[PDB]
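Letters A, B, ... are given to chains in the order of the sequence lines, protein chains preceding strands, and every chain is numbered from 1. Every heavy atom of this structure was used, including side-chain atoms; hydrogens, water molecules and symmetry mates were not.
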Amino acid sequence: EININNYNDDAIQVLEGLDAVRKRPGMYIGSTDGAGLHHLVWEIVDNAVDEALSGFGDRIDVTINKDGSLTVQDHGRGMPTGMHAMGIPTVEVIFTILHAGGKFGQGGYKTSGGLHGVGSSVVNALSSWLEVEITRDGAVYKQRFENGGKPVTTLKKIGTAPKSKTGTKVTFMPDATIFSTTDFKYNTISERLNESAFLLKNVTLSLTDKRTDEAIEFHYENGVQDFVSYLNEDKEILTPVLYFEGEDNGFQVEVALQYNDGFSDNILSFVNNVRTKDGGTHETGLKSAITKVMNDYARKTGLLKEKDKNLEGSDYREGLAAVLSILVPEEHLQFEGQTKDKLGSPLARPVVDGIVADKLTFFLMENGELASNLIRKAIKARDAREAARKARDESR
Amino acid sequence: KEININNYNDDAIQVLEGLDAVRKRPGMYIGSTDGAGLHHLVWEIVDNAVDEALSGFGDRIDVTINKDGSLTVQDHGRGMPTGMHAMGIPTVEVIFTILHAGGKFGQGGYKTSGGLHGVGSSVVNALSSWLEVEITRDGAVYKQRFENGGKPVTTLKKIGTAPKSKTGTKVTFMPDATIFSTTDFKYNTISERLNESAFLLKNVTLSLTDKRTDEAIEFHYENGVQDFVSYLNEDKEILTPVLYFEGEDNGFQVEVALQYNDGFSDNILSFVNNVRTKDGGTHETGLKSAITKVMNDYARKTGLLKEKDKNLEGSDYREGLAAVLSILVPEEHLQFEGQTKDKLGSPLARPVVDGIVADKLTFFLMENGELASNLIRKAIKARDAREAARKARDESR
DNA sequence: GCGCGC
DNA sequence: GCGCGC
DNA sequence: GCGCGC
DNA sequence: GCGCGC
Ligand SMILES: Nc1ncnc2c1ncn2[C@@H]1O[C@H](COP(=O)(O)OP(=O)(O)NP(=O)(O)O)[C@@H](O)[C@H]1O
Ligand SMILES: Nc1ncnc2c1ncn2[C@@H]1O[C@H](COP(=O)(O)OP(=O)(O)NP(=O)(O)O)[C@@H](O)[C@H]1O
Ligand SMILES: [Mg+2]
Ligand SMILES: [Mg+2]
Ligand SMILES: [Mg+2]
Ligand SMILES: [Mg+2]
Ligand code: NA
Ligand code: NA
């Protein structure tokens, strides 16, 4: 028996690929509650988005099936349908081998949200079954896996299609012995597809729920500008939609900003179309550029006098809605963790900072009345903050 | 033919070997490749030594920053196994070169441990331009060396003898300067982490020696989270004694110490199997829930909150609060978010902590009524200050 | 100067 | 509240 | 009720 | 401010 007094070579165990995912799902998807369940949806949708980001496919359709499984169909290039160098179908490599993919800089993708080579295989590992259908060159191919990613068929030709059609259809049943819930939630998926649609010009994303026969689709022509208008939808706005974009050594930056009459700071950031809810270097560059340029404008126009302190970043972000979307070349791309909630790529900070600072400095100079109103707004925010502080300290 | 977006076929998919994948995507394993990521490597090697001590093996963990900028961690635990592993190579090589390979999957070699993924040592090796390990066991010292991201350059070889009973593991590594934006280990960063680790290991000495400047420091504490809380309040005026609560629940173990200072900040630290969870999670949620619920219940049943008064906010009771929560979670229930283990996900930790703390704190307040009523009056004043600030803010707008 | 993390 | 690094 | 994550 | 889950 293995115990603390018998700690020898058989006390060390090696978990084969997908078994490690099933044993330690928290390392790969963060949690095994509803947030982790929907993470599986995001891995499959993100792979369809990456095809669209490289130019392939104009529709991504998600279906919640009546049995509770979930399907994602795209019209991208399809997965490669041949034999892989390691002696199994490439499709089976994609779904069964961790750190196996096409987004390590080889050239099959332009900038993509995918980069670790694990998402599809993680979905397969954490599903009681998974099926994939690839359409390419007049044929449809299928492979099925069960019980956490074990192939039960090879990749087989199952039908034909028009010669020019292409795409990938993935259906999976999340493993009810892993997750505390396997109930996919319409609104959770709907909100995420809506966000993704803002970032993919003229791609339609849709959700159909066969459990209740409800469906919704999303399509936007104007990217982050439409997104900012959506954020301020149920609010009174105090400014037009400001739009800033630029490029820098393979990086691309787009940002839309608009003030509402509220006092909340509502900044959403994205890297290669992946939501980074916890921000990171790109959000840091945006926030720094705003504060530095607005303070410089305030001071050089005398709205902040010689004796006044600079305003705080939070003063300028009161009532601000902003959407920041950047594209980062694969060679510079670095996320914190499989969940990709934060961007670590150091170059994104000067990239975003430089582009935003340049465009905003010019915008303030050309729109002086709006600029001074924005500063006066931030000064009133400072006054309210300092009034609250004085009352809090006096109460104490 | 060149791989490009118009030639996306079977050769466009590449499979990365384990350590190669770590080097290619370090953010997936250590979060970042700045100074925080650099020191993460230290925590992986230290955490393994702490896990030995948590199972009862070793009472001293010595960290050395060497003159060449490498880092050594030496423990006196059981040592890594020195034989041949079932997969074909020496066990030591499996530990350092194979991801998801280890002794903390429930097999029984460890009691409750901070390690659980089987990746930490192999990540440090992958991200080092060299690494050496020396194992002391069965009267001998064995050494193996790896270079260039984890490639063995020696076999595991005997390099000396040892007394029959002595055991331990010594790991030295040079972080890869081609990966990290800084490879300058920071004395204060490591010292702070070892200090926190010492509070949670009764009577284990942890030490740091920096050969670059010839400075050293040790940490050794007898009274656990109570010493820890006193440390947090060291440069402040305190308003209460150290309150200590502990309990057990179906293999879970909970300890918490609390003490108010005269400040207005809240300073709550949480740990799971001695791993700092800086972003909290289910155990910290349970603790915060229990405090708010029990303190509002006490305030209301004593009439300090009248019929028409709203309950106080959790932030009113945490003003000036210092608190150290340490829980032990059995392997079969243990689940962290991510390799950096900044947040506990284990669902059962919430009811476990909430139940133990609520029970103990309810009884404590009933038995210490004058102190309880003073703490409620303090939180009511915090409510008043928060309401005064909100009023003034709204009137300014 | 600035955001960030302690 | 302060040092760190961009 | 409570903390949490929108 | 509000729903979700413990
Ligand atoms: N819908 C798809 N269409 C075409 N190819 C796909 C599709 N989904 C996945 N692939 C291919 O399969 C590879 C592996 O996918 P996956 O395991 O999710 O890793 P990844 O996108 O490369 N990186 P990550 O998601 O960050 O783990 C991808 O890199 C693509 O080459
Ligand atoms: N100092 C040590 N003394 C004894 N055994 C050790 C020591 N360090 C590592 N090991 C063994 O090597 C195994 C693998 O270590 P490691 O790769 O760090 O993964 P881990 O501790 O199991 N889990 P994690 O650290 O969460 O990735 C451990 O589980 C132990 O069995
Ligand atoms: Mg992917
Ligand atoms: Mg997430
Ligand atoms: Mg470990
Ligand atoms: Mg950390
Ligand atoms: Na994969
Ligand atoms: Na390992």
Side-chain angles (χ1 to χ4, degrees), chain A residues 30-31 33-35 38 180-181 183 185 187-188 191-192 195 231 262-268 275 277-291 293-296 298-299 310-317 341-342 344-354 356-357, chain B residues 31-32 34-36 38-39 181-182 184 186 188-189 192-193 196 232 263-265 267-269 276 278-292 294-297 300 311-315 317-318 342-343 345-349 351-355 357-358:
Chain A
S31 62
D33 56 6
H38 289 88
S180 55
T181 170
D183 182 7
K185 307 302 292 176
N187 288 343
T188 301
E191 290 298 307
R192 217 329 271 273
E195 298 208 338
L231 297 183
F263 306 107
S264 286
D265 166 32
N266 185 15
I267 299 180
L268 305 192
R275 178 77 181 272
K277 66 179 184 179
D278 293 329
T281 53
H282 57 328
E283 265 206 31
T284 297
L286 169 66
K287 292 186 189 179
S288 302
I290 292 175
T291 299
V293 170
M294 298 295 285
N295 276 323
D296 290 345
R299 188 162 301 285
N310 276 3
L311 300 186
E312 313 264 9
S314 69
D315 298 329
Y316 293 117
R317 289 193 300 272
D341 293 324
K342 193 167 211 185
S345 300
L347 289 177
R349 189 203 171 292
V351 163
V352 173
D353 197 318
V356 172
Chain B
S32 62
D34 54 7
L38 173 75
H39 287 88
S181 62
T182 170
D184 181 17
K186 294 298 182 175
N188 286 347
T189 302
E192 289 298 302
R193 228 313 285 262
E196 302 207 330
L232 299 174
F264 309 105
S265 190
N267 183 24
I268 179 267
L269 312 191
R276 181 65 183 282
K278 80 198 184 179
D279 297 328
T282 51
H283 58 326
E284 269 202 23
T285 298
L287 169 71
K288 294 174 168 186
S289 293
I291 290 164
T292 300
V294 169
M295 298 294 283
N296 276 323
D297 285 349
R300 192 160 297 285
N311 278 2
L312 306 186
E313 308 265 348
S315 77
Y317 296 114
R318 290 191 297 271
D342 295 319
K343 197 168 180 165
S346 300
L348 291 179
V352 164
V353 173
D354 190 319
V357 180

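Between the CZ atom of A/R317 and the CG atom of A/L286 there is a distance of 9.0 Å, given to the nearest 0.5 Å. Atom CD of residue B/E196 and atom CG of residue B/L232 lie 7.5 Å apart, to the nearest 0.5 angstrom. To the nearest 0.5 Å, atoms CG (B/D279) and NZ (B/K343) are separated by 6.5 Å.
With the cut-off at 3.5 Å for both distances, F/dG1 forms no Watson-Crick or G-U wobble pair with D/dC6. With both distances under 3.5 Å, C/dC2 pairs with D/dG5 in Watson-Crick or G-U wobble fashion. Judged by Watson-Crick and G-U wobble geometry, where both atom pairs must sit under 3.5 Å apart, D/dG3 and E/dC4 do not count as a base pair.
Using the sign of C1'-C2'-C3'-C4' as the criterion, E/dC2 is classed as north-puckered.
B/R300 and B/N311 share a side-chain donor-acceptor pair at under 3.5 Å.
In this structure, the salt bridge (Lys or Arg N to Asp or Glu O under 4.0 Å) partners of B/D184, at least two apart in sequence or on a different chain, are B/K186, B/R212. Here A/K277 pairs with nothing under the salt bridge (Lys or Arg N to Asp or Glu O under 4.0 Å) rule; sequence neighbours left out.
In this structure, A/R349 atom CZ and C/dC2 atom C1' are separated by 7 Å, rounded to whole Å.
Mapped onto DNA chain C by nearest heavy atom, A/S314 and B/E192 fall at different nucleotides, with A/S314 at the one closer to the 5' end.
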What are the atom names and distances for every N/O pair under 3.5 Å that joins the protein to nucleotides 4-6 of chain E?
unit_1: E/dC4; atom_1: OP1; unit_2: B/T285; atom_2: OG1; d: 3.0
unit_1: E/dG5; atom_1: OP1; unit_2: B/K343; atom_2: NZ; d: 2.8
unit_1: E/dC6; atom_1: OP2; unit_2: A/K277; atom_2: NZ; d: 2.8

